[PDB]
Every structure is written in C-alpha cells, then in structure tokens.
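Just the one chain here, laid out as structure tokens, in the form deposited in one PDB entry.
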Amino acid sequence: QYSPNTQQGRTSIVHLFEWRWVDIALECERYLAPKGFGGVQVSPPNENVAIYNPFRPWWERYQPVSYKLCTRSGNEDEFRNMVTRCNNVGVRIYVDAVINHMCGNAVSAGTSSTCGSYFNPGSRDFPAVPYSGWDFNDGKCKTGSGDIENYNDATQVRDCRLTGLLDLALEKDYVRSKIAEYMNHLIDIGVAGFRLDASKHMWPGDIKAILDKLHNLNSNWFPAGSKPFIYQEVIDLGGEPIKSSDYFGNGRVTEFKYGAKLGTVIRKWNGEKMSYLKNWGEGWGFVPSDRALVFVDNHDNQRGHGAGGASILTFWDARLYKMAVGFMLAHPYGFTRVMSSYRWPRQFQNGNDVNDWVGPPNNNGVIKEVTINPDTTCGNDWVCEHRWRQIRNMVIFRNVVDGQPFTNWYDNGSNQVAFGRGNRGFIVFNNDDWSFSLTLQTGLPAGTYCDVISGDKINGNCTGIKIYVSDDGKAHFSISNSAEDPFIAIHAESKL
C-alpha cells in the first residue's frame, strides 16, 4: 500500500494542476514518458459546483456534487482515454479523491454543476449519488456553528464542517460503499492510486474501512495483487492533537514540514543555513521516509491557502525555487512530487493576494489547452515547471541515482554545500553571497561530465558547463553567487 506502483526506474509524480484530460494524454506520450516521469496527479475528476462569484475559482473543484466523471477537465470518455494512453506509455495516474465532504452548506440549490446534476445543499439532497440528510454529520457535530471552530479538539476537526462544507458521515456503511464504488470504478479504469483530500478531517479508522473495500489494480497493466498507492493529505506541523503518524496504517502522508522548513532555510530566514541540512529528513522531526510524500509547494500553499505560510517557495521565486526542487530531487528522503502550475495576476494588498481565487487559463470558463512553444516551454499562461530544463533534468537525476546512498557531504559552515549519491551522482550548491571555487571528492568514476543544470548532454557533447573528475574521484567546481542557477549537478548518464 506504500508503493507508488510506478514503472521501475521512474521516481517522481507531477501535479498537472487543472489540466484537461486530452492535454494530459498528449503530455504522457510526448514528454512525460520520454523524460522518465513516474506519474501524474490529476485534479478531482468528479462533478463539482460551478461557482460564478468569484468566476470559476480553482477551489470550486473541492466541492463535490456527485461522482460522475464530468468536469471542466473533460468527460468520462476523455478520462478513460487519458488513463489508457498514459498507462500504455508507462506513466501512472493518481486521482485527487475528495471524499470528506460535498459542497458548501450555503450554496444555492439548483443545477449549477459541471454536469448539470441537480443538488440541494439546504436540504442535504444530492440525488445523483444519491445522498440525503441521513448521510451527513449534522447531528454528530457538537459546535454551536456546526463548523470546525477549534483545531485543538480532535473530535470536531473530524465531525464538523470544514469552513461550511457538508461533512459526510463516513462511519455509515452506505456512505463508505458509495465512496468505494466511486474509487473502484476509477481503479478498474486503470488509475494507480489516490491522494486522499482532507484526511486530517476524517477518522483514520473510517479511511481504513473504505480502503478495505477497494479492489486490486487493473490486471491488464499491473501484476496480480497490486494495491492502490495511497497518500493522505494531513497537515501536521506539530502543536495539534492530531498526528500524521495516526494515519500510517492506511498509506503514506503528505509531509508539509518538508517544504515549510526547506523554504525558510533557502531563504535564509532567522539564522537558518544550508549547512544545517546535513541531517535532513527524520533528523528534522519528519515522518519516516517510506511513509512520506514530499514536495516544495502544492496547489494550496503556492497561493497562501494551505500550510507553510510565507516561507513556501514557488515558481514566482524562480531562482530559489529551482534550487529547492533540485535539493529535494537529489536527496534520498521520501517520494517526490513536482508541481506544475498556471500564472494568475497576483494582486497583493496589505500582505495578501486578493486574486488567490483565480482559476485556470480560460476563455469564458472553458479551460485553455496547453500550447507548446518551440523551446519546449508552455503558452496560454501555463507555467509548466516540469518542463524547465533544471527541474526536468533533476527528475532524471533522481531516477539515475535511485537506490544509491547519501554520501560525500561537504559544507563551508554557511550556505555552500555538496553531496553525492553513491557513485552515480553528485550535486553542489552555492547560496552564500560570495563565490565558490573548490576541489571536491565526488565519488564518481573518472571522466568528463555534463552539468545538467546549465545544459544538456547532446550527441557526445555538453551544451553547458563541463566537469572533469580525476582518477581519485576529485573534481573542481566553480559557482559564482551571480550565476543564474547557483548549483551544479552531474550523474552517471551525463558522462561523456
């Protein structure tokens, strides 16, 4: 249950946030498969409320109306087509499962849904599922408002409404069955696993009951006995009665402390320095590596909607972001998820982005397709971080060094550090305000290696910086604090 089910040799998944199924299918074939990406986390594929005020925000997809595969990303046929094509090329699909709640209790009854399904929040009526008033925790929640009021009370955090979202009575067999019916439909379609949205707001035991109802993966693509990959979104930064460890029996958990701390260290906030990353991992109080799903930023906190705060690094901070992602992909801790976003007009007022609700690039509500520019970058406002040379090459770096131990660590007591992965790869970082020029032990076999951050290895030649490793495994590295990308990475496959 803790295995990603990716193809051997592929070690990361990418979140193609708000992408259309047709665009993801093409991407699997033209880019993801060729570049060695393990899989894709897709946005919720089930019908949601169509919110027009504000105009179609990204968060409307976290307010379910039914389990019909019909959204702004596409319909069920397009969804199945995407899963099939991606699987045939060795790229897995992971579904964002929104199973803790339905839509806001204050949402107007009617057919303002992505598939026209009728729903009535007021009377707890969702005929397309179907769910009724007997299927929600209204009578179970003990708060005066019916919403979660105090996170220090583990009970209301689970039984009450998260900011007004109707809370499903997950203890009922009927509700558990409708949810499992939905998930098994996806499993039989070919998905390899799920991101359980808002797991903190569900009892570990209720999740387990649901998981016990799931089938094994589609035997047309996976070996018999394969279980779906499960990673639960649990925000645990300490200081709360709920611990992410309470969920280890169901699968992996999102380690939000990872990005929050990496961000403060790289930004060099309050005395933090990269030299302190020598014992990065459990040594920093993180969950066990084999139970962790790590990432620098996620769809919520890159726009200040989750946990991590102002320390979180995103594509907006391009230079430092590439460094954080590089460190993450080079370090052996956890299973890595790469973010792929779209640009929106950030409008800061009193320290807060008033346009944090803006949905994906669109034409009157219809999501724009991902266009590919001649330099492999994307158009139509899709950022496509997964296509940035520095990030794409580190995704490959992780595959190449998979299994190799963390070794040959070096640091200058400040912000210039380096380390290798067995004898398959080596990486160097310079985050100090002065240049780095030193000869280091890399542990790599003698030869000429192409730096994969500044360039590529194309037809027996390097398009960027070249590194020369001597017989003793030593090599000289020179990185100016003025370099566009203040770090260098070389591996077994970038060797000339």
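Just so we're on the same page, rigid core means the largest C-alpha set that superposes within 1.5 Å between forms. Numbering starts at 1 and runs along the sequence shown.
The protein also exists as the form deposited in another entry; that form is not presented, and the subsequent description refers to it.
Asks: After superposing on the rigid core, which residue among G133, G283, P241, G309 shows a C-alpha displacement of 2 Å or more between this form and the one not shown?
Replies: Single residue meeting the criterion: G309.
Asks: Rigid core superposed, CA of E78 - does it shift 2 Å or more between this form and the one not shown?
Replies: It does not reach a 2 Å shift.
Asks: Comparing between this form and the one not shown on the rigid core, is the C-alpha shift at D353 2 Å or larger?
Replies: It does, since the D353 C-alpha is displaced 2 Å or more between this form and the one not shown after the core fit.
Asks: Please check if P54 moves between this form and the one not shown, taking a CA shift of 2 Å or more relative to the superposed core as movement.
Replies: Passes the 2 Å threshold, so yes.
Asks: Since the Cα-Cα distance for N301 and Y342 shifts by 3 angstroms or more in that other deposited form, is it a contraction (closer) or an expansion (farther)?
Replies: Pair moves closer in that other deposited form.
Asks: Closer or farther: the CA pair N298/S275 in that other deposited form, versus this form, with a change of 3 Å or more?
Replies: Nearer in that other deposited form, by 3 Å or more.
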